[PDB]
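Engineer: Quick one, what's the 3D model for this:
(5 chains)
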Amino acid sequence: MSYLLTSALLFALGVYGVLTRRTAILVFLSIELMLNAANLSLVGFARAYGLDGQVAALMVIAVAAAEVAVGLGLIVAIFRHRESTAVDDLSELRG
Amino acid sequence: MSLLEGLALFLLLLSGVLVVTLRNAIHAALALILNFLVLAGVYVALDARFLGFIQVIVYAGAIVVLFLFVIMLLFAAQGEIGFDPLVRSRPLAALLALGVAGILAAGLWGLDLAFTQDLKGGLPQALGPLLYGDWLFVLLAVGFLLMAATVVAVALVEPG
Amino acid sequence: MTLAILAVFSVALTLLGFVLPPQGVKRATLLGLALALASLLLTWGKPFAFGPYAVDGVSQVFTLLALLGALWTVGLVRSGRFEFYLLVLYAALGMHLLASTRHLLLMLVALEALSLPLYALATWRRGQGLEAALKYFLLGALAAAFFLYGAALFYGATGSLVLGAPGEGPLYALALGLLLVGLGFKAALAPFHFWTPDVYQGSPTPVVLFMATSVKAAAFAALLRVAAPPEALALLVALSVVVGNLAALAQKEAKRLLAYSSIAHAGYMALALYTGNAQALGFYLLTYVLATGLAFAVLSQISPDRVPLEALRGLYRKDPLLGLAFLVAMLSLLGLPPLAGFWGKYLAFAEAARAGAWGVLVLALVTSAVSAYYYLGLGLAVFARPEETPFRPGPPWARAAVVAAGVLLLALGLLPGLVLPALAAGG
Amino acid sequence: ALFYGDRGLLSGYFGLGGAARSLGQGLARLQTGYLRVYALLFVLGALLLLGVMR
Amino acid sequence: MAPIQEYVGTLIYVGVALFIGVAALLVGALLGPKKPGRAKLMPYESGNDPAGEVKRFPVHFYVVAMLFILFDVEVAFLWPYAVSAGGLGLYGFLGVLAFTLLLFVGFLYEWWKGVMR
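Structural biologist: Numbers count the residues shown, from 1 in each chain, chains lettered A, B, ... in the order given. Here you go, the structure:
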């Protein structure tokens, strides 16, 4: 059960990262950390509920890879000509 | 168990704290790779053996490799430029990170489960029929998702 | 056997774009969407499931709406990049998969598969488009992480990743909350509403059309399968509708105001979730899709980058039929008789009252009455004195599409007992 | 005097509408454009929801 | 399958390898002249500028790595079919063939577009 509590704590740490980070890429890293915490919870509950969570986490890996590829393309396109990757540098769209 | 289990969990949480705390992007990614190694060991401890090996191969070996390739093409290691710091948001952020765990801790507290199943090791020998079969539809959806992701990234960079 | 049509057209076009001009690719995409729509209709009353893919009335109706939105938004897209069409196809297929399953993990894969091509389609490369794409992608991946931990805690409360399980106490409620976070974000429900104004303001107008119609449609299609508790539903509705209407009062630009309005409208649609009627919500979303696609097709005829409210003015003198359809749309979205928005709104409110949530309903009605201020300030602006404004009076394509949308809106508003009989199994 | 008072009552209705718009722009000010702000408010609202569910 | 003892033996393997590596690095570091100089610590090429002040490196390597992560996911999906093959029969073969053809369409797309760019 310590595994599930640790997965929740890693999700919390990724939340702290996404909120605290200034850089886009480090936020994306904290999100990946959240995903891996989710995968650990899934593996525990598959050990409990019969092995489906393993294939679940596999598909999650593939989904993660897709979103990592596309998001890194985005990060390239937005900060190729532009200056520091700092996410606060774009405040054009205001309420 | 608990002898090395405490070690693995302490290393996992310490690595997460690093990956969210360290300002060296390279060092953050490296702490996440260490986290992935600790987590693949945990996976194997949980009778998921194939999944730990892919977690090393794909996640650490491939994903954060491209992360590192991006941050090395675009230096970005000293992230604190163009600050707009919002210093008071640094403690406040942690507050939310506390809550996002606590309620999870509440939903998982006093929760005991039947952790007794003979997974026979998370080997692909048994996952083959489960993947190609009950999951074949999800598999093909995933494949189309990745093919579309390739196309999306190509059209997204595509200087012309 | 419609998803097969979509897949075949997409995969073949992926290579055919090398030998076919982007215009030929556009014709091909249009043909594929029309064929998929027709195949959906010929299967009306023929639920079809093979694996976790399960077609019911919900799948049928919401995918029909999504295909309509995709056809309309493809009509306007004339860029010589065949990719700028391929992505659209994906989203449709993706959204199809979102409404066609109960499996939470296949639901996540479908969400990612329909959402990723939107991120890339939002790049006219205008500096605002980059900011919009960045906010969108980051917040969407955050919501996907939350939704995934929710699916995990669902698997924790029950041995399967399929909705409908008996459910535990705190753990099941918590998993439901972690799913609801992502689903309301995708449906632009507050307090997850922040991304919608910026993204609608930054993205090219026809893409905003496609988004504000099909994305919200498929998001509510997925919500209908969830058994969201009444407290969460009430909070979402209250906050969403209040902020939607109020922040729309302060808006100076048409697209941002319309995004806040769509936040409020998702708040309204969140009432039919009280009962999950799938008839009330199907009807509401039919009317909303038609009206909003109409409004954004007109706005695209005005300007893809950005359209202030003054640009709308004088539209009747500029084009009479366009001003008339825009007035019809503003009133239908205001939910005023004898327009179908009244019937969709009533059906949602009847579901809500049948569930027994009264004060929430009263607050929704007060916010809807407040909405009339700007709904009229937009609808009535058509008749004002024309000021300096770019005006592209469309091809016959967009004119006919707008006319059909307004005609269907009024026709189903005046006699709703025509199709409403067949929103269940499909007699 | 009753005519003036009727005018004043209409002015109070006006004031109600103006309070509505001011509240509206206070809530529209919630979205500044700093992504950290949007993320914090997002997570904050999600946590409020998760607390409500009990 | 295989017993879990082999994995603790693997941990021991890693322990010996790491210990010997650190020992070799200590041997190298402790045995040396240690006369640091300013130009000695300077990176390379006669004063400054081996590459010097250059724009960000080509995105070509990003594309290489992204291609690779996607196709390694492909392989990770192909292996469970590789182990259980005769049992999954023509059904599993057909599923894996359709999957492979989808990602091979992705490969052919990126190839006819190419990345020399």
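Engineer: From now on I want contacts and neighbour counts done on CA atoms only, so please keep to that.
Structural biologist: Fine.
Engineer: Tell me the buried residues in stretch C:229-245?
Structural biologist: By neighbour count on 16 or more other C-alpha atoms under 10 Å in any protein chain shown, the buried set for stretch C:229-245 is C:230, C:232-245.
Engineer: How about stretch B:134-148?
Structural biologist: Applying 16+ other C-alpha under 10 Å to stretch B:134-148 flags B:135-148 as buried.
Engineer: Mind telling me which residue is nearest the centre of chain A?
Structural biologist: residue A:31 (1.9 Å; C-alpha atoms, centre = their mean).
Engineer: Find the nearest non-adjacent residue to that one, please.
Structural biologist: residue A:14 (5.8 Å; C-alpha to C-alpha, 6 or more residues apart in numbering or on different chains).
Engineer: can you pull the contacts of the closest residue to residue C:289 other than its chain neighbours?
Structural biologist: What sits nearest to residue C:289 in space, not counting adjacent residues and going by C-alpha to C-alpha, 6+ apart, is residue C:213, at 5.1 Å. Taking C-alpha atoms under 8 Å, 6 or more residues apart in numbering or on different chains as the criterion, residue C:213 is in contact with C:66, C:69, C:288-289, C:292-293.
Engineer: Sort out which of those are in strands and list them.
Structural biologist: If you go by DSSP state E, the contacts of residue C:213 have nothing in strands.
Engineer: Would you mind putting the residues you listed into TSV with neighbour count and distance to residue B:38 alongside?
Structural biologist: Below are those laid out as TSV (neighbours: other C-alpha atoms under 10 Å in any protein chain shown; distance: C-alpha to C-alpha, whole Å):
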residue	neighbour count	distance to residue B:38
C:66	27	44
C:69	26	47
C:288	27	50
C:289	25	49
C:292	25	50
C:293	28	50
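Engineer: Confirm for me that residue C:165 is in contact with residue C:156.
Structural biologist: No: between residue C:165 and residue C:156 there is no contact under C-alpha atoms under 8 Å: 11.2 Å.
Engineer: sorry, back to before: now do the contacts for the residue nearest to the centre of chain A.
Structural biologist: A:14-15, A:18, C:141-142, C:145 are the contacts of residue A:31 under C-alpha under 8 Å, 6+ apart.
Engineer: Skip the chain neighbours and tell me the closest residue to residue B:55.
Structural biologist: Nearest to residue B:55 is residue B:40, by C-alpha to C-alpha, 6+ apart, at 6.1 Å.
Engineer: Against residue B:46, how distant is the one you found?
Structural biologist: 10 Å (C-alpha to C-alpha, to the nearest Å).
Engineer: and the residue in chain E that chain C sits nearest to, what are its phi and psi?
Structural biologist: When distances are taken as C-alpha to the nearest C-alpha, chain E reaches nearest to chain C at residue E:109, 6.4 Å away. Taking degrees, to the nearest 10, you get phi -60, psi -50 for the backbone angles of residue E:109.
Engineer: Any idea how many residues pack against it?
Structural biologist: By other C-alpha atoms under 10 Å in any protein chain shown, the residues close to residue E:109 number 20.
Engineer: got it, and the one 3 residues further on?
Structural biologist: By other C-alpha under 10 Å, the residues close to residue E:112 number 10.
Engineer: likewise the one 3 residues further on?
Structural biologist: Burial of residue E:115 is recorded as 14 neighbouring residues (other C-alpha under 10 Å).
Engineer: Three-state assignment for residue A:76, please.
Structural biologist: What DSSP: H, G, I helix; E, B strand; the rest coil gives for residue A:76 is helix.
Engineer: can you list the residues of chain C near chain B?
Structural biologist: C:51-53, C:83, C:87, C:90, C:106, C:109-110, C:112-113, C:116-117, C:120, C:123, C:170-171, C:174 (C-alpha under 8 Å from any C-alpha of the partner chain).
Engineer: now these: which count as buried?
Structural biologist: Looking at the residues of chain C next to chain B with 16+ other C-alpha under 10 Å, the buried ones turn out to be C:52-53, C:83, C:87, C:90, C:106, C:109-110, C:112-113, C:116-117, C:120, C:123, C:170-171, C:174.
Engineer: OK, contacts around residue 23?
Structural biologist: Let's take chain A. Residues A:85-87, B:79-80 are the ones in contact with residue A:23 under the rule C-alpha under 8 Å, 6+ apart.
Engineer: could you do chain D instead?
Structural biologist: So residue D:23 contacts residue C:246 (C-alpha under 8 Å, 6+ apart).
Engineer: Same question for residue C:113.
Structural biologist: Neighbours of residue C:113 in contact, by C-alpha under 8 Å, 6+ apart: B:144-145, B:148, C:90-91, C:94.
Engineer: The helix or strand hosting residue E:9 packs against which elements?
Structural biologist: According to DSSP states H and E, residue E:9 maps onto helix E:5-30. The contact analysis (3 or more C-alpha pairs under 8 Å, 6 or more residues apart in numbering or on different chains; DSSP states H and E) places helix E:5-30 against no helix or strand.
Engineer: Next SSE downstream of that helix?
Structural biologist: Following helix E:5-30 toward the C-terminus (DSSP H and E): helix E:38-41.
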